[PDB]
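We begin with a single chain expressed as structure tokens, specifically the form deposited in one PDB entry.
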């Protein structure tokens, strides 16, 4: 009854609750808790790799006494390429203190050690009683800065509906009206209620008096109209309170679905008849003239609203760690992490509510209850939501631009050359003149590079992840260029062919010719072409647009490859994290042989377990015997050395680093999966990380790889055998057709 295929229901329930339950809601909740750590580990590993790539290799009192770790710290912190991370270590164009940077690095190391599983297994869930006094101060200072910032930025953006909401409520404090509207959209008091007000207003919208807001001419404003009726309702219930409670009891005591609608039906018609006049009065204020006039005056409101804000309120310590992680990333990664966390915590809240509804045990163990309950989860969900809602410009400072210039010219030519030549070209290109000034009327290269490479997120991603010394080789191999261009859809390909046409090519609508010419023009690009940017005649505009397009395409091509390789490696990191996690639950320790780790022992152990054989993924029954036989056959073709090497490769993210030594000999590309596995197989073959004495079938795999210049499916099936205990995961991670969910190709016939 509700048992899982992995046969860890009892173990998981005992670990998290303490006893076994005969129902199917507890594990339903536990999977979200298990989901949080996966994404946290992925992003922490990415951050650690970034720190390693950009910077080539008791309390604070003990640090000075060591005299050796002190030397490591003094030089590691002073390295000037800390400027590549925006606010991690520099504040107001000034360096942060050594204690704060030490605190940030130590917290990152502790989080990495926690996720990749000395710190206890309960570290993240108990920060009040484990964190030292020094780190808490640094987190507090960071949150003080950001809370001053959010106080500033809030009042400026949404000061168009704020005026109307303050106006519609004469008998209310200026502070109070702002309080609830921050309680409304920045952090949702909308969501945390048993009504579906979105559906409710639709039922109100079914009432006659307010069809007068459904006119076609009102299409100019919808979002700034839909929300306004939304906020009034969540303010209408707050004042009445008892009526809100009355509707709670009536719905909870309602019988059937027909009873649900009728309760909604009569409630809505009372609502329109109650305060419909406010809806008409509010909805009559929106127009082009009023909106423009309201935007003109943006300092008529002066509200601090500091006290109950978590900036001054005792914000949780778990959210400050998330903000510290956020400091060291870009927009997409932050959005991914925050969205996943909000979804998971919302699901946890809903599930615990469901458990309480049926009068069932819902308290966790004493170790976990301090964090996992209704109130603390609600608070931490609100904190994560407010962390997500921060506007960032991330302009590349004003001092860091010099190293930016150096690396920016290093990518566009001048690969692996001494800095003296770089400085010489810097001086000869854009002169200074006398007194360290800038030659007016003769500086156009600085503007082009600064506004097209320096201030681009793609360049920051490449600098964080790719070495500027050896980045040019990613575009030298034609096949990779054609594959990446073919991945890009049709419309912007057509736009790029049009803009960067030239004068010696005839118009063609064929996409193959377009890809060919784009590959040809992107193969040979140098800094010397960019030496004639028009200073300050349609030819000048056309030339400027063509230069913008050609510099954009290059970085796009590099960035796509880097991102997709990181993404595949993160998918494999999830797999190893889950494997290490599941090894502890099942109690099967991983011993060492010849200074290695045998990652293939979990599947061997589960191959000979009666309970797993009878009620698990690997089944030995008449009619259900595919994967048992296939896994048993594939287990006999695994190299322990190769598996250990693969584990190290994915742990260190070596595919992104050493991609310049093996991307020059690939035959043909059809998916990023085969590129990734060709790179890893080439690295393993060149490093001689195999043993033919213990397994003589690796020689044929290497020979096939050499004679075909493409990855061998048998080898990827070989070094992924530790994933044998989950059949869907093995299928997804070893079969190309099932790795990507955007490919409708069926599974190949065997």
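Positions refer to the first chain, counted from 1. In this text, the rigid core denotes the largest set of C-alpha atoms whose superposition between the two forms falls within 1.5 Å.
There is another form of this protein, the form deposited in another entry, and it is not shown here; the text below is about that form.
Only one candidate in 231, 364, 662, 612 has its Cα displaced by 2 Å or more between this form and the one not shown after core superposition: 231. Once both forms are fitted on their rigid core, the CA atom of residue 276 lies 2 Å or more apart between this form and the one not shown. A movement of the C-alpha atom of residue 285 reaching 2 angstroms or beyond is seen between this form and the one not shown when the two forms are aligned on their rigid core.
After superposition on the rigid core, the Cα of residue 169 moves by 2 Å or more between this form and the one not shown. Relative to this conformation, an increase of 3 Å or more in the Cα-Cα distance between residue 33 and residue 187 is found in the other entry.
Figure legend: C-alpha atoms of residue 126 and residue 307, shown here, are separated by at least 3 angstroms more in the other entry.
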